[PDB]
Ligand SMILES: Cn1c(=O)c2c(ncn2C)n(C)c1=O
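For reference, the chain that follows is the form deposited without the named molecule, supplied as structure tokens.
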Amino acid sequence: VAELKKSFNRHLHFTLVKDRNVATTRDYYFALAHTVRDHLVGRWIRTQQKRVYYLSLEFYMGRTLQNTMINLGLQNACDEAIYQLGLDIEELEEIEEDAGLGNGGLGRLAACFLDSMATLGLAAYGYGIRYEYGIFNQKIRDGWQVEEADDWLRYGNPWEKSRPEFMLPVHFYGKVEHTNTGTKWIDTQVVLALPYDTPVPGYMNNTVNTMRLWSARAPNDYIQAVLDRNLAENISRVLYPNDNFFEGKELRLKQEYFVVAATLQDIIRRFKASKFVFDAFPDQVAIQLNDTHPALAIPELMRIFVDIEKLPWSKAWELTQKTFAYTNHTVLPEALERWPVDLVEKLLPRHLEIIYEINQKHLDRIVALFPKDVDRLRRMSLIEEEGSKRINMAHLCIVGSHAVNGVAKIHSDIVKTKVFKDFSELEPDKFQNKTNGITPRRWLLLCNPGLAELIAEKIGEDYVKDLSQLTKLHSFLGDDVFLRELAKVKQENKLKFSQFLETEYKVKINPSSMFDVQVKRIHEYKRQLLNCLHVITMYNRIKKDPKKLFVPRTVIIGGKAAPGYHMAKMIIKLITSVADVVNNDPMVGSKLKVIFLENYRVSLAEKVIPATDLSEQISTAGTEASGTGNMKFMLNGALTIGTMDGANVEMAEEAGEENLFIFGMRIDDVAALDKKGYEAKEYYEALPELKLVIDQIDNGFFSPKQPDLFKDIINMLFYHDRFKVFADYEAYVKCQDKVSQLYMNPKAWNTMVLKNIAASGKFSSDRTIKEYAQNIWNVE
């Protein structure tokens, strides 16, 4: 403890240039971060000197100090030293800005994968773009959504480390010149790529992997010419905000090309400097593509093999196929990347030529087998020419990889059988399944220390490594003291989150109330509108007769929206209006409060997840591939309600469908409704409560100033409904009534909570990473 205090004081003195009489809390935080980095740096150095290379455009890391101290096993001594110094740890932690470099589940899964590979001892690297601005910081002004820039690097970064040695040139634009010896790509602008190294420690395993982020620079080759160096740096400037939607901008194509080029050149440099010549490259380099975003890594690797290395074309394509593995995350038609040919030709002419060459070879190979198939010729191509010609990047990832994945069992089946039937039937073993997972360290040990300690008191500490040990908690279903203590830790977390909520939102929180939380990105397919309709329903139920007993229920809905997405903004406005009406009704009192959680992120989830009682995953069945939020909920002692979709099917299989509240129509029923013809007015006319709620929304009950504030939402619900909000309202209300009736009995509620806890060990990210290593990457 004395050594850590001396190190902290020395870092305050020399590194910060400060004394105890002037240092702010930010300086103390920086000193603590520097001393924990000094604690990890020796093993980081030792680890730096087959390998996996994970290539994502997003890494939703969050906050580092607490996770690093948990993974290093230095919490007791550090907390004791901070106490003896005379400081609090909560404000020091709150000083740190989150690395909000991911939009949502994809980047969060990438970060969990990095933590799992570090914990399992694998030799892996992370690769991405060092965005100076994350998603954004969200604030509610006049009940609306306003976005402000997220400057997470203004005050410094005590974790990353620039590497001047490994700066690489990335070329843009130009022309193709044909010569006898190779193909020449010339007249190109050069953009520099500067790497920054962020450690990724493993839990108690002496392994510190690396997260390398590429920072754009300018070549040094007049004032306006100096002010135009920002255009080269305009890539790596700001993370794009779309969660699933695909824009099609010339920017973010430069970002994709920049990251894939820099990463491929860095790995090739690392391989050439090894003892290993390119016939062993697929045996030493496995490149995992998170989504269709790093799809240009296939033609770029082809360009390096065929032009810079002048390898034979056939061998180069063989090595590229043996090196790449593909993972699919979305199925939504508007969520699929299709870059127009003209934009790529302007930006990447050599890559467009390589894409045409790969397409021609693949089409000839397919037409050899199927002389009769003419429509298959158009279907299986890498180019779509219905209007303007566009490049199906998913097809390019398919043909260029030796594996293809889905994020869930249902999603894997859909992509293999429905989405990519033509590719799958020819290559049956290529298409596989890997169900997502969440790291126990960040989401149980860091997120919920009380529940983690309670579990460790029963089944030991071995569950951290392998989450499947949670099944040993089934032996404690008979005991009642354990259920009481479980409810007690839930109530303690609820009290802490209520302390947060009261100060932050100026609303009094009933502490015995059920915490009903729905945190996710605001999408139409995620159906926050159904939750809004339900809260208006139970508000009207309270208004009808206050004599009847009601369940004390706190409703929390928090998530960001795309800045250009109007309907999500309208849904946020409706949530804020309903919260304003319901919170300020004397008749309701402490029966129904609606809080719109603000600036939802990893750090905020580390506080709202361990206090949740009911989880809302009510997306339309067949529209969600897989979400990791419900896994965190199920891990942190929360009962889940929702549809049979995404990871909900796996959770219902693992714990039992009777231990979850499953409502709504299934995928087959959704398809049957689509075939029959969906009309929302018929559902509207046949329900009194739903009709009352919709009429109140339309009649300006929540918008006294503008009578037509929610006409957009009303028209979307009635005449252009796409995700069947009305067709699931009846089942949603019935299951919410069942939830309320079950909450009245602590015994049954705690029994189902224990059943969900003991059956969530499957959804660890260690399991997913082991499947990835032993079935795709072929490492260890």
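Numbers follow the displayed sequence, beginning with 1.
One more form of this protein should be noted, the form solved in complex with the named molecule, which is absent from this view; the next part is about it.
Inset, instruction - Choose one stretch from 242-250, 167-175, 279-287, 669-677: the one whose residues place a heavy atom within 4.5 angstroms of the named molecule in the deposited complex. - result: Flagged stretch: 242-250.
Legend entry - Distance check, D307 to the named molecule in the deposited complex, heavy atom within 4.5 Å: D307 lies outside the contact set for the named molecule.
Inset, instruction - Consider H523 of the chain shown here, and say whether it contacts the named molecule in the deposited complex, taking contact as heavy atoms within 4.5 Å. - result: Yes - in the deposited complex, heavy atoms of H523 and the named molecule come within 4.5 Å of each other.
Inset, instruction - Spell out, yes or no, whether the shortest heavy atom distance between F663 and the named molecule in the deposited complex is within 4.5 Å. - result: Close contact is absent here: in the deposited complex, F663 is far from the named molecule, nothing within 4.5 Å, heavy atoms only.
Legend entry - Non-hydrogen atom contact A562 with the named molecule in the deposited complex at 4.5 angstroms: Yes, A562 lies within 4.5 Å of the named molecule in the deposited complex.
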